[PDB]
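First the structure, in the form of structure tokens, and then the observations on it.
Basis: the model, the stated rules and, where named, an outside source; no laboratory instrument gave them. Neighbour counts run over all protein chains shown; Cβ positions are idealised from the backbone, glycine included.
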Amino acid sequence: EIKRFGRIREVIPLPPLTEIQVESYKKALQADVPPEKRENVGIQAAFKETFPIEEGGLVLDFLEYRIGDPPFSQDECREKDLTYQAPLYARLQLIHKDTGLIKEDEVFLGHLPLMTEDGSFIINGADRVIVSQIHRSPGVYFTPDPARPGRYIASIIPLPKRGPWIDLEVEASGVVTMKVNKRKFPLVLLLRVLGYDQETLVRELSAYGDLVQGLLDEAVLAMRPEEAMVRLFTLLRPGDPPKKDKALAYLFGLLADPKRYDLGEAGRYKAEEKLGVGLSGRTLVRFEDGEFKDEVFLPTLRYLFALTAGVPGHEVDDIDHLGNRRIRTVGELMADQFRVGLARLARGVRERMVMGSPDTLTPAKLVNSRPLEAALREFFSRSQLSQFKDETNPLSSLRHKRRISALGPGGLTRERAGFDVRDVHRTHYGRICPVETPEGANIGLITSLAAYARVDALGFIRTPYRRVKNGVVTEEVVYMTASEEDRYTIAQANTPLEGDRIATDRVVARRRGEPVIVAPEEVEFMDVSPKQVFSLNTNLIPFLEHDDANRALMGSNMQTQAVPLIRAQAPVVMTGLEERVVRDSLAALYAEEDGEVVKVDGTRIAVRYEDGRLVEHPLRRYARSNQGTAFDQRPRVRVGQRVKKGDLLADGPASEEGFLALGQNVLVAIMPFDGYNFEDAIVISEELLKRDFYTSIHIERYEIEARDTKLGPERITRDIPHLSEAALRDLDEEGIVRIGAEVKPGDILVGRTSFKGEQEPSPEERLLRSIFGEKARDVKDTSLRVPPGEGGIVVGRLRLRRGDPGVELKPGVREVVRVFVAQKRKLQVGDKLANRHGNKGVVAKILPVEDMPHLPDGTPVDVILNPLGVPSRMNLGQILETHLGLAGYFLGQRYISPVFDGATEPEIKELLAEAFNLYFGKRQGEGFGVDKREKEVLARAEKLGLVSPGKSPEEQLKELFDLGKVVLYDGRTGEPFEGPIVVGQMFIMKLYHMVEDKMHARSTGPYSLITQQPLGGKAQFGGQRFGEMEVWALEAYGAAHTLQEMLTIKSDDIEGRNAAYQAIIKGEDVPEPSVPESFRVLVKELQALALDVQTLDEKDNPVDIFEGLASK
Amino acid sequence: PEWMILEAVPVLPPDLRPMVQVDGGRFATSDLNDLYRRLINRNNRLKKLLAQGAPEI
């Protein structure tokens, strides 16, 4: 039984959620599209813009480009640690203009990474994702001057790397100046070769009066195009002598060049429909008949000077408006860097022509792979927009793919982001999620795409709206951009409808993000659903209306950090979007067509389809993710039942019968318990550990590399010189651990022996060597032993040895050996737990089932959360989730409560009443009345007035029950709690952070070579960084020797820490240190700057801190 | 004051600007080593060019 709530029925399903990456990268590839009929956009745009090139008398040209088949599959590339990529073969024809020589000849280009079905790539055996970027749309815009309050500065701008920014600013002389690449010069001087003089600039130009005379300079207007071309080339590029042809070529490459300067098609269109003009190409000017002719400058100066006059129709543009902002998707970025590398390749080609034999050269000798190869390699590996995929759960990768970042190259950075780009504009409504975003220095920068939000060809995010005609709603759904939305007036999804038409006389609407109460006659549009106003993770929060924005944000962000559990369960109360989440995540196996299940088992689910073909679906079982969370698929189908198409076969790590299972549903009691729940700490009933609740599987993988050092070759073997028998147990043959062996920290995963640097044993050492007579042997033990705090069972085994097929290993290295190690992690003291409503917490001590606040039927609660966390953070959604969770626990059904179309108080109260009828009815059915302790609690609840006086204990327990509060007995005493306490089912989540990983301590470890400071982090077996603030703390206390130890002995001081460890070992008090030894480095570094650093004494005399060392 | 114009250029000790190989056999080095190096090439090139009788340019 599953119950649905709400009257708002989405007419349109949620569009494919992985579609941004997949479709954008689809349009930039055109693999199945014939080389003839291709779109000339994306990669072929790069080709056509880099070709043909002509510069003797060679003329190149392009023809086609071909996608190769992947040399290795996904899994193979992943376990070889190789990028998943396929050879791209450009077919390019080479010609000679003067000779007429045609040698066509195919060629190579490089390796191009292919996007998977989920929408992520694989680079160097690691799954990575390219996040979408947000910047402002190309075109021209106008904003008031920062310096001058009285006027409006103009700006022209193309795509990035497609040419420079342009600024038209009136300096206050009254004269006008233009700024491109940090410099100053009047506009007329630029009007120049564009075919304009004094008259053409004074003709129409004045509707103005005062504005015409600041433009004109007669000295410039006297000289004509090529002369002032030399002039502007002298100003803007002082480096080379002011040649005329250099000026021509350079300033042609700056503006009129379609290749070198590409203004966005969206910018082309928008600028065309703004200035009230039209534009031939994407170029600022056109080079025609040897003379430059104007395109952009004239209408934009027209609009500039018009707007500054105050004439109607002309207005300042909104910068943060999403109609002026566009999204870089993965395909456009990939194609961008592709064309950069293509340009470098073009230059390589151009260098290779002028030498060798200009008569006969095949394009094969003329073209190199490395420019494009290294360009793409650099973009995929390095670039900020390319980051490590989030594999913690399916929803992790999903949201990570739907993420929109303002950071990265070409975008903005942490420092230049003010309240400008961080804020939420009017137009963020159906496009960008107003809540979900990191709670860090990155707030407002990295956001998520809305549920129904889509990105069109021009990069403008658009959102669905249902058109309505005269109070009558139409089934036609229109996807509208920001400006298009701004034009119309839009109603709300919760507006009352009487069977497809409007009821009320007062309808909630908006004109450009401005709430207005207005009649059904003037409404032309309506929201499809409230869901489109938020992201995916935000849409998973039930009763979101009752939770504050901050804790909602925290809720979503924590839902991202979700670890999968073995028994993991879908929430009792859901918003209904979980299904599509598990579907579009592609972490689950479905039925591609109609058919029948002919077998199950945990490897292959075979289905005989109606089409006659027998197709088996291999199941991935326990695959290591990026964060370590196990990726597992459990089949639910019986053998021999006929499946429908699209029907579920096997679940995912985070799936239950086709529903998203993040955490589990537990029985929560909201109440203080012995200060154990203090500060959002979480007490937990031990019973969860009995049922294997919140138990997660984490596979961590370790690798090792056998090399050939100049000393001698490394080798993987069972033989180790000083190794005892018992430590070599599971190592069976080649010195690798067997499958299914428990490995303790310190135990050897794989053995390795590397010849030691040949040196003498010390006199004492060799005395020992002689005493035991054990031959000092050759090789020394390099074996990989599992790090402290980590351990588990061995599942996977991988050995890649060189001289063997299918694998190419880097020079010098013989063989790499890699071991999968899986761990079973139960909930432990210190682990993190949280809910969908943004209530964080740590596990604070677990409690035995014996003593628990329980029910009269003996049912103990599973958690005991603290109520004090509620009123400050102001999330009341968890309360409702607890009430409905109670009702659901008792009547045994789940719920669907969509965001902003929810369940309501009377509904929940009714369900509580019914559930109580069943519960108490079963209490009296078993021959039991009302307990005395319950009469006590009911009495004191009656005195404070939680229940109506005069009513029998049954009706008072009833009135208390629908309040969510029931009578609770203390398991320690047996006495009831004085007040009634709300209990019920809450959906609670185990998250990524655990004590298992995060607990580390160190005594004496490795130290850095440069300065003797200990290394950082746990992985390096590091010590804790003592900051300057902590120094200030110690100084404030006035502890001199504590601060001394911190600054000398216990940190970097060599002789200090040595003599100290010596002293403690011998049972002394540690001596007084001398030289921090980083300070000596500071001294000699200062001396490297030729600064004499003299450490003096009481009486102004040299004291040498280098003892007989640097003295000379 | 003439000390501000440097004749002899102090060179930092090797272990302060170290060069050492790591796991995998590949090396590692400070940028100061490369800087010092280029300074040395230019200084020696000039050193032999002055004795060469090369033109003032």
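For this structure, a couple of remarks:
- Scanning the range A:690-731 for residues that are part of a loop (DSSP other than H, G, I, E, B), away from chain B (no Cβ under 14 Å) and among the charged types (D, E, K, R) turns up A:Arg691, A:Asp692, A:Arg718, A:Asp719, A:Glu725, A:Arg729, A:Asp730.
- The residues in the range A:1057-1080 that are within 14 Å of chain B (Cβ to nearest Cβ) and assigned to a helix (DSSP H, G or I) can be counted, and the count is 3.
- Verdict on A:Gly979 being within 37 Å of the chain's Cα centre (by Cα) and either away from chain B (no Cβ under 14 Å) or at negative phi (or both): no
- A:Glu204, sole failed condition from (1) under 30 Å from A:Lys389 (Cβ atoms); (2) in a loop (DSSP other than H, G, I, E, B): (1)
- Single residue of the range A:147-186 satisfying the filter (part of a loop (DSSP other than H, G, I, E, B) and either of a type in the set (A, V, I, L, M, F, W, C) or assigned by CATH to the domain that holds A:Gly459 (or both)) that is surrounded by the fewest Cβ atoms within 10 Å (Cβ to Cβ): A:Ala147
- Filter pass, A:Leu1015 being under 28 Å from A:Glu1085 (Cα atoms), surrounded by fewer than 13 Cβ atoms within 10 Å (Cβ to Cβ) and within 14 Å of chain B (Cβ to nearest Cβ): no
- Each residue in the range A:106-140 was checked for being acidic (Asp, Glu), crowded, with 16+ Cβ neighbours inside 10 Å and out of contact with any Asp or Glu (no Cβ under 8 Å at 6 or more places or on another chain), and 1 pass.
- Residues being at positive phi and aromatic (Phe, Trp, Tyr) - total across the range A:609-655: 1
- Failed item in (1) crowded, with 22+ Cβ neighbours inside 10 Å; (2) on the phi > 0 side of the Ramachandran plot, with A:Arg512 passing the rest: (1)
- When A:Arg766 is tested against the conditions (1) surrounded by 14 or more Cβ atoms within 10 Å (Cβ to Cβ); (2) over 24 Å from A:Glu705 (Cβ atoms), the lone failure is (1).
- Test: B:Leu49 is more than 10 Å from every other protein chain (Cβ to nearest Cβ), part of a helix (DSSP H, G or I) and farther than 30 Å from A:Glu815 by Cβ: yes
- Residues (out of contact with any helix residue (DSSP H, G or I) (no Cβ under 9 Å at 6 or more places or on another chain) and within 14 Å of chain B (Cβ to nearest Cβ)) located in the range A:982-1012: A:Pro1006, A:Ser1008
- Residues that are exposed (fewer than 13 other Cβ atoms within 10 Å of the Cβ) and within 53 Å of the chain's Cα centre (by Cα), drawn from the range A:211-225: none
- Restricting attention to the range A:960-1018, the residues that are within 30 Å of A:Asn557 (Cα to Cα) and assigned to a loop (DSSP other than H, G, I, E, B) add up to 10.
- Taking (1) out of contact with any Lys or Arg (no Cβ under 7 Å at 6 or more places or on another chain); (2) farther than 29 Å from A:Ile123 by Cβ; (3) basic (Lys, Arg) in turn, A:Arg462 satisfies each apart from (1).
- Count of the range A:376-411 residues, restricted to those that are of a type in the set (D, E, K, R), under 12 Å from the mean Cα position of the chain (by Cα) and part of a helix (DSSP H, G or I), is 3.
- Subset tally (residues that are of a type outside the set (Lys, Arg), in contact with a helix residue (DSSP H, G or I) (Cβ under 6 Å, 6 or more places away or on another chain) and buried (at least 16 other Cβ atoms within 10 Å of the Cβ)) for the range A:187-209: 3
- Scanning the range A:332-375 for residues that are out of contact with any helix residue (DSSP H, G or I) (no Cβ under 7 Å at 6 or more places or on another chain) and either outside any helix (DSSP H, G or I) or outside the structural domain of A:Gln93 (by CATH) (or both) yields a total of 10.
- Only residues that are of a type in the set (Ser, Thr, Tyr) and more than 24 Å from A:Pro788 (Cβ to Cβ) were counted in the range A:716-762, giving 2.
- Residue that is nearest to the chain's Cα centre (by Cα) [pool: residues in the range A:1081-1098 that are facing another protein chain (nearest Cβ under 10 Å) and of a type in the set (D, E, K, R)]: A:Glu1085
- Some residue of the range A:1037-1054 being surrounded by fewer than 16 Cβ atoms within 10 Å (Cβ to Cβ), assigned by CATH to the domain that holds A:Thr1011 and over 49 Å from the mean Cα position of the chain (by Cα): no
- Screening A:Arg414 with (1) in contact with a strand residue (DSSP E or B) (Cβ under 9 Å, 6 or more places away or on another chain); (2) part of a loop (DSSP other than H, G, I, E, B) gives one miss only, at (1).
- Filtered residues of the range A:882-912 (kept if more than 35 Å from the chain's Cα centre (by Cα), farther than 18 Å from A:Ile2 by Cα and not charged (D, E, K, R)): A:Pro906
- Among the residues of the range B:8-32, those identified as farther than 17 Å from A:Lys1084 by Cβ, more than 8 Å from chain A (Cβ to nearest Cβ) and in a loop (DSSP other than H, G, I, E, B) are B:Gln21, B:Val22, B:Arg26, B:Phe27, B:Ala28.
- Listed by position, the strands (runs of 3 or more DSSP E) inside the range A:795-895 whose residues that are within 14 Å of another protein chain (Cβ to nearest Cβ) and more than 30 Å from A:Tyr919 (Cα to Cα) number at least 1 are A:813-825.
- Subset of the range A:510-535 [closer than 30 Å to A:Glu578 by Cα and out of contact with any helix residue (DSSP H, G or I) (no Cβ under 6 Å at 6 or more places or on another chain)]: A:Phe525, A:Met526, A:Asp527, A:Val528, A:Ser529, A:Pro530, A:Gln532, A:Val533, A:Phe534, A:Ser535
- Residues being assigned to a helix (DSSP H, G or I), small (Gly, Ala, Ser) and buried (at least 18 other Cβ atoms within 10 Å of the Cβ) are represented in the range A:937-959 by at least one member.
Here's the yes/no breakdown for (1) over 21 Å from A:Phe233 (Cβ atoms); (2) outside the structural domain of A:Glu226 (by CATH); (3) part of a loop (DSSP other than H, G, I, E, B):
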{"position": "A:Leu251", "(1), (2), (3)": "no, no, no"}
{"position": "A:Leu255", "(1), (2), (3)": "no, no, no"}
{"position": "A:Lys259", "(1), (2), (3)": "no, no, yes"}
{"position": "A:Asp262", "(1), (2), (3)": "yes, no, yes"}
{"position": "A:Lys270", "(1), (2), (3)": "yes, no, no"}
{"position": "A:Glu273", "(1), (2), (3)": "yes, no, no"}
{"position": "A:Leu279", "(1), (2), (3)": "yes, no, yes"}
{"position": "A:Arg282", "(1), (2), (3)": "yes, no, yes"}
{"position": "A:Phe287", "(1), (2), (3)": "no, no, no"}
